[PDB]
Structure formats: structure tokens, C-alpha cells
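Each ligand, and each atom within it, is numbered from 1 in the order the structure gives. In what follows, chains carry the letters A, B, and so on, assigned in the order in which the sequence lines appear, proteins first and then strands, with residues in each chain numbered from 1.
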Amino acid sequence: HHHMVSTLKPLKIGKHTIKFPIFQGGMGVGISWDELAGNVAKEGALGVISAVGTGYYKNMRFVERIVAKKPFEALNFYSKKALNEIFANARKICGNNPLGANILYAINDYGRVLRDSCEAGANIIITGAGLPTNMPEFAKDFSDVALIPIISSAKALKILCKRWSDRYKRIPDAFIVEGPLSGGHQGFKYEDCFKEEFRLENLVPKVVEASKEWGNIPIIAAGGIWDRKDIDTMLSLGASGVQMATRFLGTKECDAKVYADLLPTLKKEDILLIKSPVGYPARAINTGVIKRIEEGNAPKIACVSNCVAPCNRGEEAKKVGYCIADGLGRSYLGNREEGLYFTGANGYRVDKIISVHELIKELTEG
Amino acid sequence: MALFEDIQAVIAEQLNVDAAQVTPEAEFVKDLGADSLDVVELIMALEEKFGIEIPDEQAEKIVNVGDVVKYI
Ligand SMILES: Cc1cc2nc3c(=O)[nH]c(=O)nc-3n(C[C@H](O)[C@H](O)[C@H](O)COP(=O)(O)O)c2cc1C
Ligand SMILES: *P(=O)(O)OCC(C)(C)[C@@H](O)C(=O)NCCC(=O)NCCSC(=O)CCCCCCC
Ligand code: SF4
């Protein structure tokens, strides 16, 4: 009955080592902030602070211009002042244990947020939602920060390794392979998703194989990993580590407190793949804005935050039906009628909300 | 004119589209059906055949073929 020690081996990424080979995946807006990532880091996995939509922190406490009760422009949505505080509050819990920062490549002011993230104290930058071909350019003042792109194919690894070496004579410290069972935006063919070929058990061998040709870059598997059995599967397929989000989405320390009420009711029939202004399919919960759209009751779209470049300030949001900055922003603020809510495909299995410590114990024991 | 047709033949070959529809107004993604991976590849293919770099801060601004042509 006593807590039991792990046979999982510590994981080292660039200059930093974590006691368990486990990333807590970044989750915006306001989902994996100070409480969640600080406690994860306390417990020996990687805590990952999402840096998207930080102006919403402490009800826009740190914004300097508000329009329609929404942070005005990327300068306020991606708040340097808010992001420093979250890192400050995260280090209270975790000390100098390693903390990641997650930044979609799609966002406006990408370069500024990466340096804000380094200056905030981040040890690792994680970037998906695009092919981050210039990521070392913005980190050049911070040779200690490891850089980890998210990819969904071996082709993307080859492409990024070629560009980074051509341009910078540098190579990514790790890659996260994200499969189609993941939450949020998919790195997959709008259409494909359930094809056998794209299954995470198949991608990870292919990416690890390709990764050998570039000095054995550590490959972190993500998407649908639920328990220690899933973890062992991915490690046996060549992965050095796993990234997991939905299980941590169902913990008490999750900074987006609404998810503790929502997830125990979630049924598989209410998990759906939707369109997004970011340009990728997104895995969402059929609730909030998504219901308001189907009702014909959807909130008005008027681009204030200008969160991501592919949207062209309303063009893609008006065509899909929702503003993703406003929808995720409202969720952090508790708005259940017109918030936007994401989940991985496994979210319906979240029956009880447990603590980070209890989750970490389940995954590492033995 | 000599430049435009050289980079026209490269775009047509990379994206597997007819050169005749690789027109200065044609957008690589909307009009020519390419994704992100295709565009980076195309940018790399152009860099070799012409020995320039096209930093990402301009590549983010080019969007159609005519803008690519001017940058070169
Ligand atoms: C609610 C939610 C929000 C997410 N937001 C982001 C994000 O902002 N940036 C990112 O790279 N991935 C995001 N993801 C993806 C996760 O970080 C992770 O890669 C994926 O969910 C892992 O699969 P799992 O949820 O099945 O464990 C999000 C996932 C969820 C569930
Ligand atoms: P290109 O068309 O742009 O193609 C790029 C491509 C193929 C998607 C690659 O970048 C790739 O392989 N990507 C994997 C990236 C990811 O899969 N995932 C990270 C996505 S960010 C995210 O999931 C959700 C963000 C939730 C918050 C939105 C905040 C405003
Ligand atoms: S309208 Fe588009 S760019 Fe503006 S905040 Fe919403 S999703 Fe972001």
C-alpha cells in the first residue's frame, strides 16, 4: 500500500534533467499556468506554462489597454507583465526545477513572446501550430534554454533539422510527436485523423528512425497517452519521454477551474473535431460557444486581441464561427455559456478529479 | 522576365501544378494548394537555385508568387 519507487529513468533535455520522463503538455488559455505547472514541476515531471493569452491573468490585472473587456492587440493578450508573474508564482511551488513555456508559432509577436518567456525564467521553449524554422533566432541570448518543436511526421523533423543546421548550425534539443488523439489543434490532414497510418504507435517509430540521422534527437510522444501502460508502450517504440495533457486537465491544480466541473460529465459523444481560425482542426467539447453557434446565439466577432496571424483579424474567425482568443479567454474567466473548451480524445474517461501528486504516483509507480 | 519563368518552373515542379496557372497574383496555399511543409521546401528550393536566404521575417510577407519574384 505504500507509495512505490519508479523504474522509469530520468529524462535530460539540453542542459536540464527531469526525474520522470513526463511532460505536462501546455494548455491555453489559462489552463496550465502557475498552479498547474508549478505543482507538476514540484512532483518531478516537466511543468509547462502556456504563454498564450496571458493578458487574461488575474482578470486582465496586468493589461494596459482594454477594449470590449478584452485585451487589446497582441501586446496586451501576450502580456510580458502577466507572464513574468506566472513564472514568479510557479517558482514559489517548484523552486528551480525545470519549467517549460509553450508558444504557438501561429501567434502574432512570436519572437517577442519567446524572449519574454526566456526573460521570465523559462528553461525550455515548446512550439507547435506551425513549422518553427527560425526558433533559435529569438533564443540567441539564452544558450541554456532548450528548444522543442512539436511535429506530427518524420518529414517535419527532416525539414526543421535541415533549416536549423543550414541557418544556425544548431539542432533541436527534442521533438514532441503529437498524434491525432490529442487535445487542441491537430498536426494532421484536416481529413485524415482516424486513418491507421497516422496512429501514434506508427508515427513514433517513423520519427525515431528519422531522428537517428540527426544525432538521435529525443522524441517525446503525445496524444492519447492515458496511463503507465500507454507510457511503457511509447517508450518501447523508441520514445524517450511522453507528453500528457488530458490527465493533467483533470487535476485540482488546473488553473482553469471550470474544467473540474465539466470533465466528470463529459461523454464521448460530446467530443468533436471542429474548424479553427488558427487553420488546423481542433478537438473541442460540444458545449459553450459550439452550442451557441448551432443555436444561432453565437457572440459577435470583432477582432480585438489579434491573437494569431492566420486569422487575418476576423476573416477566418467569422468564417468558422468564433474568435478563439475570446472563446478560450472566457473559459478561464468561468463563462460556461460562451466559453470554448478543448480536450483530448480520452477526456470522457476523466471521472474523478484527483491531485497532481496522485496522478504522478499512478503513472510512475513500479 | 527570364527570372520569372525560372522561378515559375520551380514553383510548378515543387507544388505539382501547371506553370500556366503560376501567375503573380496566385497564392501558394489558397490558389496553388500547398501546405506549410510545401512552402518551406519551396523556399529552400529557391534559395539553392539563386543563392539568397529569404529570412523568415520576409517569407512571412510574400504570400503570392509575385512577391517572391520581387524579393529575388
Ligand atoms: C485543453 C487543451 C489545450 C491545449 N492547448 C495547447 C496549446 O496551447 N499548445 C500546444 O502546443 N498544445 C496544446 N494542447 C495539446 C497538449 O499540450 C498535448 O500535446 C496533447 O493534449 C497530449 O494528448 P492528451 O491530451 O491525450 O494527453 C492542448 C490540449 C488540451 C487538451
Ligand atoms: P502548416 O500547414 O502550417 O503545417 C504545419 C504542421 C504540419 C501542422 C506542423 O507544425 C506539425 O506537424 N505540427 C504539430 C503541431 C501540433 O500538433 N500541435 C501543437 C498545436 S498548438 C495547439 O494544440 C492548441 C493551441 C490551443 C490554444 C490556442 C491559443 C490561442
Ligand atoms: S478575431 Fe481572429 S485574430 Fe482576432 S482574436 Fe479572434 S481568432 Fe485571434
Do any nitrogen or oxygen atoms of A:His185 lie less than 3.5 angstrom from nitrogen or oxygen atoms of ligand 2?
yes

Distance-only N or O hit between ligand 2 and A:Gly130, under 3.5 Å
yes

Using the test side-chain contact (heavy atoms from CB on, under 4.5 Å), find all partners of A:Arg65 that sit at least two apart in sequence or belong to another chain.
A:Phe72, A:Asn76

Just jot down the salt bridge (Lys or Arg N to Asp or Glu O under 4.0 Å) partners of A:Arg313, sequence neighbours excluded, or say none.
none

For ligand 1, which part of A:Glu178 has a heavy atom less than 4.0 Å away: the side chain, the backbone, both, or neither?
side chain

Closer than 2.8 Å to atom 6 (Fe) of ligand 3, what protein N/O/S atoms do you find?
A:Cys323 SG

Give yes or no for whether the N/O distance cutoff of 3.5 Å, strictly under, is met between A:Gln186 and ligand 2.
no

Less than 4.0 Å is my threshold; does some heavy atom of A:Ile150 fall inside it relative to ligand 1?
yes

Are A:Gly26 and ligand 1 in contact, using a heavy-atom cut-off of under 4.0 Å?
yes

Measuring from atom 28 (C) of ligand 2, which candidate in A:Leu160, B:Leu37, A:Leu328 has the nearest non-hydrogen atom?
A:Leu328

For residues 38-54 of chain A, the side-chain hydrogen bond (donor to acceptor under 3.5 Å, both in side chains) pairs (sequence neighbours left out) are A:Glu43-A:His357

Winner among A:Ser152, A:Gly223, A:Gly184, A:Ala222 once heavy atoms are compared against atom 11 (C) of ligand 2
A:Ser152

